[PDB]
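See below for the structure under consideration.
Read-outs throughout are calculated quantities, based only on the coordinates presented, and are distinct from any laboratory measurement. Reconstructed Cβ throughout: ideal geometry from the backbone, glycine too, with neighbour counts over all protein chains shown.
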Amino acid sequence: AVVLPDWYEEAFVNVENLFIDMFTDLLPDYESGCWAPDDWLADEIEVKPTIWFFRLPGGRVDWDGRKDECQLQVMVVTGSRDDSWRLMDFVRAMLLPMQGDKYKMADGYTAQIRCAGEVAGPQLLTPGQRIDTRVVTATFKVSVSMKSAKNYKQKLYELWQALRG
Amino acid sequence: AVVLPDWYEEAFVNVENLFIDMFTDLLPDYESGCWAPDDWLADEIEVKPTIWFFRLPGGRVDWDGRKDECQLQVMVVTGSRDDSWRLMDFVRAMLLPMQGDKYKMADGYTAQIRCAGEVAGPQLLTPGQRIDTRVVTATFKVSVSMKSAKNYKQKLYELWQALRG
Amino acid sequence: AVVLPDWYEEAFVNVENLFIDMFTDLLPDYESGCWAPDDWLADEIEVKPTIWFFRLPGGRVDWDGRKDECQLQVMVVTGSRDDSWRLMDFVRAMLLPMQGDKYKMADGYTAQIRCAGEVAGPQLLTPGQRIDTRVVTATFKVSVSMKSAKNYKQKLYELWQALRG
Amino acid sequence: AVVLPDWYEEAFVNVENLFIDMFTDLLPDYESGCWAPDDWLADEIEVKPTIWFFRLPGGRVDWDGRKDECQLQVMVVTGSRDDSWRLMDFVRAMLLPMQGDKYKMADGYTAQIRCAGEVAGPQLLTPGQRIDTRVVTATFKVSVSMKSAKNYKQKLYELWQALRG
Amino acid sequence: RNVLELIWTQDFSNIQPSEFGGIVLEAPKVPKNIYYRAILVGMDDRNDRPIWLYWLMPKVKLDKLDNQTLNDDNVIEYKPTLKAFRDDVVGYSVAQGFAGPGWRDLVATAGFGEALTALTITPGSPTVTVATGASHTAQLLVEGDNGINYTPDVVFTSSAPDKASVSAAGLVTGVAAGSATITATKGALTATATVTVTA
Amino acid sequence: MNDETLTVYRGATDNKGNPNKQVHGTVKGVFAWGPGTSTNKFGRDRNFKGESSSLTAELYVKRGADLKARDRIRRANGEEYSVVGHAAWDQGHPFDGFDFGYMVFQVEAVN
Amino acid sequence: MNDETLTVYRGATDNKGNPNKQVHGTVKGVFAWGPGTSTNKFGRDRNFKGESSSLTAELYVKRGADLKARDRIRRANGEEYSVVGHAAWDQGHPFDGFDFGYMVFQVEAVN
């Protein structure tokens, strides 16, 4: 994959990964992800329910405040409008009342959701090529505390003071 | 359909469903829905009147305040402009003066409409492929109290403390 | 190349060049630049990671304040979404905590990043023709002190007083 | 050309003409203008550097204040990105520190640039049909004093008091 | 500890954390009059030569403190308004200052001291030994008429490095027994000197 | 026939969007740069800071070949293509049942 | 054949975007201004303060010639073109292996 420097440690959590883990624990059979899998698109007439989380440009990160704000778009895809609305209601009930809630992701790291407000409300999108799937989409503003606000200015200074200076 | 967890109960009402039930009680013969039925599109020259309710991105949900604000688009489809304007007048006269009004939906749940105001006024849209139907559309900002503001933090904490923790 | 007047010295640093040098020092093997090289586009199925820095119209330059503000868009291109998000996390952890930090570019000139905030958060762009590449893009507001605020009014006055005057 | 009335004298300076003269005095060999000449478009593989100045809708004229504000767009076209950025740096270092600076144009009239600030920062635009030219564009807000705020109300009144009156 | 001590106007030196690393910081009965010596250091860098602009307030004291909003999106922020008093020892309440190689460049233009017009190197004709004796090496100290030691700024070039070799630091270690002319290379100004070598 | 050896890359994109493509094997097919006496035109995004071009072509391969949709193929020339859609005309003649023995794939240039 | 000598400019755009193009040599090719009995139409940007036109044509050149993608060619007439995409029909006949001896390059007028 990517060979990051040895002295570097992750500072931001992955909001999409955190919510994918959360809603795979909450809904085990129904698959949630950040993408449309090739095998999920194989069946359309009898489509399995799914939830998609997409990080979107929104909110201002506060490195000094140890806050990572982002806009999250949740797309609930089911075979019926009633099922899509029920699943979107479940997602909203899970996300909206969060305030300083902790959650241990699959990585073993316990994140902390500072707050989760709604930017754009749910709406049933018009069908596209996939005609038998009813999708309900909503955008949330999710603020999550960073893993660590530690800076690596020392390593950055060492780099150019050893190579150039 | 969707197998939600056994400990979850519905928190938000369905605004589209609530108004569909309300206007199927108010107008029994005319059909209202959130979609264009396949059999309703079958006849165009002699088109039956219909009312469509669509939830749109608008208003901010207030979970702590037990408020669910949304923008509702009403589409009145009739065979005449005068009939469309009459039906839109009826819809406006029903929705606009609402203030804390109650209504028992088909589910047996009595929902309470906090307030209903108009965002975009009515307008007669230009005809599309369905040339003989005159459609008048308006958008309303509808606020409805939630079924319950109870949070399920206990279930999430048990979930991540039993699997990972 | 361009034959500038003998009496003119550079007044602004190249933000794109500065960050290209910084992230070629931080990430030696992974190539970073302001453009998509023709040889990098040659391999797509097994695509090497890369980072692109684009200066964008944003912020107001303050000549009297010796400040050069610009919006820098970072495009992280890897073969996997997880790798792209890790690399974008590394880039964010590098730029965000900067405050008066110094860096000696390949030209031998030591720049000084006044501050580096984020305007648009990271997001995974939808694939284009290069279907196997996952790109994560973010925009940063970067302010860097100018090389010199010295003005050349005297030379212009000499020019128009010798040619015309 | 245009046969203007014998009693009319120019009231505004041509900002594009002023800066074209200025940057043909500063850079003699490199050609600057408000247009792409037909002979300049003849060569692409070995393209000569050029600078384009376009007056754009921006800023409010103040006739009573003897001011003429406009938005000037500068397009630096060279065969290399480094050369384009160097020339844009030169242009910015010339225009930005201006404050009440006089310049004698080729017409023999000495203008006076009140101020020159940057609205949109420099940016490297994506290539079009002309693939070997790297263009860097930036817009400036240029304020220049008018030649004369003298009004011609006397002639206007005389016209309709002789013809119609 | 120092931040909370300033906020609460108390001395938390004796506050010993519990066995589980827990501390409680009681506010004083009457707000104490605790004085501090404060410095406000800032650095502006020209190329690689920094300018250290600072203030020296030797008898500051807390005056007021802004209200704190405790939300979920912002950390706790302490915003005291320190007031600078006049210390009777140093005799001043505040003193702006500048330092650094950048200030060595900009001091003549700023108007402090005489203008840079001449440069001289203090040893007129130094002699160094070829052998590794006491006088093997020497130091060159170029100093302008401004009274400022410009040695780090000025690079010295030797016409005849075979006899005496002088680097940018003015090293007079030497190579062979002989006399070499050392020219202190600067910009608009220049200085000249002669260095002899004798074992 | 003349044919041409290609390197296939089969894989499935997981729910998190990570492409997992590995060398599945080889396949022999004939590349067609147009539907007839003409050639497909290369296109450009015009918003990409580079000189990458787009192209759609066809790959006539024998019926029953070991090639599927979303299966990248690399030629010995270094060109890489992505197979889009299923095979076409992978059926016997309706009137007779005759098998021409070849099915055409739509390939989009990815380099 | 009639042919036409052209001047090729081969180079690689570095990471920073500087075009490093130099005279690689010469090549002989036959220009085709249309795919048949018609001619391609010149296009304009309509947002450019000038009189520059865009044309896409074809260049039939012998197989194995010293011409590649992103290789600018200048005719003796002074016109300059940019070779977009790879060569087309640079293959033998699938049924036999017959070599027609010519491959068509898509060229975009850049002047």
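Restricting attention to region C:89-104, the residues that are more than 8 Å from every other protein chain (Cβ to nearest Cβ) and surrounded by fewer than 21 Cβ atoms within 10 Å (Cβ to Cβ) total 1.
D:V76 meets the conditions (1) more than 12 Å from chain G (Cβ to nearest Cβ); (2) farther than 16 Å from D:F12 by Cα; (3) out of contact with any helix residue (DSSP H, G or I) (no Cβ under 6 Å at 6 or more places or on another chain) in every case but one. The failed one is (3).
When the residues of region A:105-128 are filtered to those that are closer than 26 Å to C:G121 by Cα and of a type in the set (S, T, N, Q), the one that is surrounded by the fewest Cβ atoms within 10 Å (Cβ to Cβ) is A:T110. For region C:42-55, the tally of residues that are more than 16 Å from C:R134 (Cβ to Cβ) and either without any contact (Cβ under 8 Å) to a residue 24 or more places away in the chain or surrounded by 20 or more Cβ atoms within 10 Å (Cβ to Cβ) (or both) stands at 3.
Could you say whether any residue in region B:149-156 is of a type in the set (S, T, Y) and surrounded by fewer than 18 Cβ atoms within 10 Å (Cβ to Cβ)? No, that holds for no residue.
In the set G:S82, G:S52, only one residue is among the hydroxyl-bearing types (S, T, Y), within 22 Å of D:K48 (Cβ to Cβ) and touching a residue at least 40 places away in the same chain (Cβ under 8 Å); that residue is G:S52.
Only one of the listed residues (B:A93, B:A106) is closer than 22 Å to B:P49 by Cβ and in contact with a helix residue (DSSP H, G or I) (Cβ under 9 Å, 6 or more places away or on another chain). That residue is B:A106.
Within region F:80-102, the residues that satisfy the criterion of being closer than 17 Å to F:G64 by Cα, more than 11 Å from the chain's Cα centre (by Cα) and either part of a loop (DSSP other than H, G, I, E, B) or of a type in the set (A, V, I, L, M, F, W, C) (or both) are F:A88, F:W89, F:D90, F:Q91, F:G92, F:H93, F:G97, F:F98, F:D99, F:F100, F:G101. Taking the listed residues B:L156, B:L163, B:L124, the one that is farther than 24 Å from A:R92 by Cα and not β-branched (V, I, T) is B:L124, with no other qualifying.
Between E:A84, E:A131, the distinction of being in a strand (DSSP E or B) and among the small types (G, A, S) belongs to E:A84 only. Among the residues of region E:74-87, some residue qualifies, meaning at least one is surrounded by 14 or more Cβ atoms within 10 Å (Cβ to Cβ), more than 30 Å from C:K147 (Cα to Cα) and without any contact (Cβ under 8 Å) to a residue 12 or more places away in the chain. Counting only residues that are over 17 Å from the mean Cα position of the chain (by Cα) and not basic (K, R), which one in region B:57-73 is nearest to the other protein chains (Cβ to nearest Cβ)? By that ranking, first place goes to B:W63.
For region G:21-49, residues that are free of Cβ contacts under 8 Å to residues at least 24 places away in the same chain and closer than 20 Å to D:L125 by Cβ total 7.
Pairs are defined by a Cβ separation below 8 Å, a sequence spacing of at least 6 or placement on different chains, a first member in region A:154-165 that is without any contact (Cβ under 8 Å) to a residue 60 or more places away in the chain and closer than 12 Å to A:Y8 by Cβ, and a second member that is of a type in the set (S, T, Y) and surrounded by 17 or more Cβ atoms within 10 Å (Cβ to Cβ); the pairs so defined are A:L156/C:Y103.
One residue stands out in region G:53-76 among those that are under 21 Å from F:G43 (Cβ atoms), part of a loop (DSSP other than H, G, I, E, B) and touching an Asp or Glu at 6+ places or on another chain (Cβ under 8 Å): the one that is farthest from the other protein chains (Cβ to nearest Cβ), namely G:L55. Before we move on, is A:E10 surrounded by fewer than 20 Cβ atoms within 10 Å (Cβ to Cβ) and of a type in the set (D, E)? Considered against the rule, which asks whether it is surrounded by fewer than 20 Cβ atoms within 10 Å (Cβ to Cβ) and of a type in the set (D, E), A:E10 comes out as yes. Residues in region C:10-56 that are farther than 17 Å from C:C115 by Cα, within 13 Å of the chain's Cα centre (by Cα) and part of a loop (DSSP other than H, G, I, E, B): C:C34, C:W35.
Only one of the listed residues (F:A87, F:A12, F:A109) is surrounded by fewer than 19 Cβ atoms within 10 Å (Cβ to Cβ) and of a type outside the set (F, W, Y). That residue is F:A12. For region E:58-73, the tally of residues that are without any contact (Cβ under 8 Å) to a residue 40 or more places away in the chain, assigned to a strand (DSSP E or B) and surrounded by 12 or more Cβ atoms within 10 Å (Cβ to Cβ) stands at 4. Counting only strands (runs of 3 or more DSSP E) that fall entirely inside region A:64-128 and contain at least 2 residues that are in contact (Cβ under 8 Å) with a residue 24 or more places away in the chain and within 25 Å of C:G117 (Cβ to Cβ), the qualifying elements are A:67-78, A:110-124.
For region D:129-139, the tally of residues that are within 12 Å of chain G (Cβ to nearest Cβ) and in contact (Cβ under 8 Å) with a residue 24 or more places away in the chain stands at 7.
Do you know which of the residues in region C:129-148 that are closer than 20 Å to C:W40 by Cα and β-branched (V, I, T) is surrounded by the most Cβ atoms within 10 Å (Cβ to Cβ)? Among those that are closer than 20 Å to C:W40 by Cα and β-branched (V, I, T), it is C:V136. If I filter region C:147-163 for residues that are away from chain D (no Cβ under 14 Å) and among the acidic types (D, E), do I get at least one hit? The answer is no; no qualifying residue exists. Counting the residues of region G:87-111 that are within 10 Å of another protein chain (Cβ to nearest Cβ) and touching a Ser or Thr at 6+ places or on another chain (Cβ under 9 Å) gives 8. Looking only at region F:1-52, count how many residues are more than 12 Å from the chain's Cα centre (by Cα), in a loop (DSSP other than H, G, I, E, B) and either small (G, A, S) or more than 14 Å from chain A (Cβ to nearest Cβ) (or both). Selection size over region F:1-52: 24.
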